[PDB]
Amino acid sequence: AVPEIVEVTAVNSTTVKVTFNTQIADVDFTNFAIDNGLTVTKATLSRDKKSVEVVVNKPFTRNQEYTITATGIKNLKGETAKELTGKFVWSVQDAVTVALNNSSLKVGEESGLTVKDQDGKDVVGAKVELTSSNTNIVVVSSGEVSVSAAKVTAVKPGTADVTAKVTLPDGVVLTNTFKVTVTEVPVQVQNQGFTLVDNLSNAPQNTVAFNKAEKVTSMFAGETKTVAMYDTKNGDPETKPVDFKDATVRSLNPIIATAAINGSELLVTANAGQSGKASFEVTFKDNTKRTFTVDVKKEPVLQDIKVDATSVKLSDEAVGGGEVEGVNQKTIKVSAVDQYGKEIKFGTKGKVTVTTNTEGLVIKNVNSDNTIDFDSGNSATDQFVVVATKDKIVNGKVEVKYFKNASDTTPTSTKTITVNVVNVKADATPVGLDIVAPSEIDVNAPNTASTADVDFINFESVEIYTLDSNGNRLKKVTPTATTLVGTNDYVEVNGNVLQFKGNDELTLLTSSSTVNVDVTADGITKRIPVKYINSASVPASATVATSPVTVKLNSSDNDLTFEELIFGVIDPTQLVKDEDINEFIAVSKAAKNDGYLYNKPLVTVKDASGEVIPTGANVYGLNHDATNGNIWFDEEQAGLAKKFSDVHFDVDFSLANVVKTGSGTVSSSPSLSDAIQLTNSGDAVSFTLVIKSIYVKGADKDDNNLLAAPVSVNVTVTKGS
């Protein structure tokens, strides 16, 4: 078995690993050489005697082919080979990406992982070990599993890091950490036709707004709240909250809470230190009666603590020394919570201690009696730090104990944090990175209630750590370069920032994909994947009703534009108007024609998830003076921090089979704004619409077309006598 060169990999910009056929004899710099002006500085055989780390005097140029030459290499224990020649490049040519499919979950949801090669295909036989920083919040598959089997499961609302250590079939290990956020699936409150409010001024404008919003039928003991209640009449939503003038109210559980009518307003008062269901009976002038029930809750009171981690993995030291957050120490947050799990100032009644029985762990930022005082009881939060001791490689745990009364000998509860200290060398060679970037950017982030999603990533802001060959952390570093791989129609990199291009992606993006970003830090480049989405409900597809349309104009009227024909003529006689905001909020239930004067609209539009977007007469907040239905959202776009470019459509269409009767007229080639003109009764125009594109107004008729195939529609327009 005679020394041959099997692999040559640029492990960083000044270091190259050369792997051989067999075990070899002890070697130094004199044994190796490198072309293109570089000189070899050092050469160190591993303990596996199977490879040699060779460091070069000066960084490799990206994408330059170099040739290593090995002279005088001895085998196992005998013979010396002739000159060996090995080429290599320093670039991330055949990188493998590791991606968490979905990093914002609701409770109950799950997410898989995706591992792909340079050609974008799944890596067969790839394995992964996941681990969660906080298993109260996120839980993961145990042990080592196939990548396609791996699962991250959402358990409780909040936050967790999930380390993914992936083993490729050829034995390479890639390690990265993901940021996972779990949000609550909000509890469905029994709908009682009211909601509890500070004052009537900040209440929903009408019955439709009320049914759309979150309802509050709870209050704390010691409060009073005003009742905002909403009726419909003949199925039609009312236009203002119910008025309690001349009504009388009876309190059915007056020990718990009481009610009083003061002019138009009904005010419920919850009594101190009471709780449970309290009901009321209202009697109106008209001899109708109704009841309703409010949940009174105990006042909030300190109940328990919460810690922001369940396990921590630390390196025994940091390269360069010191105590470095993320490498050889970890800061842990502790929060004080009430009986409903909300933050509450810590008292001075109780105490919390932080302790370990594990030699080699050090607790800092803690009082000498092991307590943490929560800014002497004024704060709902506090913190401590755990630190590894150099070269003491022990795994143990930290206990965080809450005592109801400071003087109690037994704790009321105990939270446990497991801690694993791994050994790293003070002079370890860095060979990879852990870049803790968020998994996903969403162009709609600024409009989502969640404050956790982002519409960009600044890579100068993300924790990045260098790793040794074992996958353990060495040092905190910052990026030297960031660059997009390939091109993409929706996103780009500018400096160190991944972001949306700005060409109206909010209104126009209806797909989702993943982009790759090469990030260089400390002479190492890593390819990291990022998904982009758009959770806005914007038009993605449209459909045209096919059946012939006949419009009979009133003897009073002459004209119908194409925009009116296609999208409809609004008829306010069929709609409900909120006078307070001068907008329509509904189609009456008695409506003879879905809210439209002539024919019903021809176009039905959907969003990316397949849901119908309300259009025309169904747009909540449609202005009082709207004349046609070419609209898919509120003109003023109430509620949005970031607006759509345009809430209307444009259409590409042609006109065929024109037949005019009497004085009827119409253009040979109209736009949306041109009109069918009929002067006398008996005048008519007949024709066929060929609709070719439908798209958001101002966008592109080809690229943003919502219509899969063109469609033809026969139309007749006559005038009544």
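In this text, residue numbers run from 1 along the sequence as written.
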Item to check | Stretch exceeding the other in mean C-alpha B-factor - 15-23, 703-711 | outcome: 15-23
Next on the checklist: If you average the CA temperature factors as listed in the entry, which stretch comes out higher, 26-34 or 671-679?
Outcome noted: 26-34
Checklist outcome for this item: The largest CA temperature factor among 641, 160, 436, 187 is found at 187
Checklist entry - Going by the entry, which of 600, 475, 330, 121 has the most elevated CA B factor? => result 121
Checklist outcome for this item: Assert third(CA B-factor, residue 143) within chain per record equals middle
Checklist entry - Compared with the other modelled residues in the chain, in which third is the CA B-factor of residue 62? => result highest
Checklist entry - If you rank the chain by CA B-factor, which third does residue 502 end up in: lowest, middle or highest? => result middle
Item to check | residue 692 - Cα temperature factor, lowest/middle/highest third of chain | outcome: lowest
Checklist entry - What third of its chain's C-alpha B-factors does residue 384 belong to: lowest, middle or highest? => result middle
